[PDB]
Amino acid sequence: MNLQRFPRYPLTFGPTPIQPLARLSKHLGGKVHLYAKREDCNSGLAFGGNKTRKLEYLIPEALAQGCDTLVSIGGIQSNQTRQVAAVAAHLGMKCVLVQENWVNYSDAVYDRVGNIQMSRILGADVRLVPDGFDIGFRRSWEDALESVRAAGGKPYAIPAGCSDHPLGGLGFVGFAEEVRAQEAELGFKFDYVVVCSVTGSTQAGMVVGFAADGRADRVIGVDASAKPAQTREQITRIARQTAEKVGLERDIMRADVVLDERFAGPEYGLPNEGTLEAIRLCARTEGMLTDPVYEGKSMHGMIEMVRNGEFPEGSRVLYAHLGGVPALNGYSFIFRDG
């Protein structure tokens, strides 16, 4: 393949670090060696995270066209819209964010802390609609894009999670590249990668990047959508389009896309008692925080996989920390005593 053909705008500090999770590994029995690649600490742009890696490939296009505004969308505690807001201010572009409560949840300060609080400080026009206002049905997405034009600007459309976008899967193809370039130094290859998936272009990019060396099925996606079927399909689809985009010379098989469905419950945005125990265990053994919406569910998955001996003894598992920690602020009551 050839990813280098596509321009990458620097929005990160460079390659992200891999750290051993020795204490967690030892705590789980010592039979599996856990590591974490910190995508969550990749940028100075409002905490960055996986979405910021994806954005490096969309901005060149946004810039080539004469776009002066970035337009995106997401739920109230969306990490994506917060990263779009920071990237926009940084690039000197305006930003319009379409938002609605996409979770059956109602914390007293849900729309005023964490991610959304940052996007507002960052200068984004946060168009948060009232409950019952179904933006997706109403197609508010498009009216937002039209309002920018109508106002005299030129919008660049960034869909949910950056995923269903032609360039949305490139970033994580690069992620596989990085991983190989780093395994070169370790003198070994991680047997598995654990990654949280919802809109899909993260794991999709990984799948295309690791297919290139026969490890596509080593990417253990952990659904956090609670709608596994649609999510599995979205990752597959995005992976086949991206594979084509970068000239991979392999057809992505249904078997190349692994998405565990055991740790997504009860719904998108809601943690289960397992998610919570996972967050606390990982944080208390490594000083590494994860959230109740995304990373906490994929940490719950990994720890559970290990505990269930689903990992062949001696394996080295690379946990991809995609970010999302700021969302913890919207679930304060749950952690009031830790």
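Numbering starts at 1 and runs along the sequence shown. In this text, rigid core is short for the largest set of C-alphas that superpose within 1.5 Å between two forms.
Item to check | Stretch departing more from the displayed form, 197-205 or 121-129, Cα RMS in 5 other deposited structures of this protein (core fit) | outcome: Once the core is superposed, the stretch further away in 5 other deposited structures of this protein is 121-129.
Checklist entry - Comparing C-alpha positions in 5 other deposited structures of this protein against this form, with the rigid core used for the fit, which stretch differs more, 141-149 or 77-85? => result When 141-149 and 77-85 are compared in 5 other deposited structures of this protein, 141-149 lies farther out.
Checklist entry - Do at least a third of the other entries of this protein fail to model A184? => result No, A184 has coordinates in all the other entries compared.
Next on the checklist: In a third or more of the other compared PDB entries with flanking residues modelled, does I135 go missing?
Outcome noted: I135: unmodelled in at least a third of the other compared entries.
Checklist entry - Which has the higher mean CA temperature factor in the PDB entry, 93-101 or 140-148? => result For C-alpha atoms only, the mean B-factor is higher in 140-148.
Checklist entry - Once you work out the mean C-alpha B-factor for both 233-241 and 108-116 from the entry, which is higher? => result Result: 233-241.
Item to check | Member of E310, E56, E295, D40 with the greatest C-alpha B factor (per the PDB record) | outcome: The record points to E310.
Checklist entry - Say you rank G74, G200, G123, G153 by Cα B-factor from the PDB entry; which sits at the top? => result Within the set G74, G200, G123, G153, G153 shows the top C-alpha B-factor.
Next on the checklist: Please say which third, lowest, middle or highest, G30 falls into when its CA temperature factor is compared across its chain.
Outcome noted: Highest third of the chain for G30's C-alpha B-factor.
Next on the checklist: Looking at the temperature factor on the CA atom of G274, which third of the chain's modelled residues does it land in?
Outcome noted: Middle third, going by the recorded CA B-factors of the chain.
Next on the checklist: Is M305 in the lowest, middle or highest third of its chain when residues are ranked by C-alpha B-factor?
Outcome noted: Its C-alpha B-factor belongs to the highest third of this chain's values.
Checklist entry - What third of the chain, by the recorded C-alpha B-factor, contains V208? => result Middle third.
Item to check | Ranked against its chain, the third holding the CA B-factor of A22 | outcome: It belongs to the highest third of the chain when residues are ordered by C-alpha B-factor.
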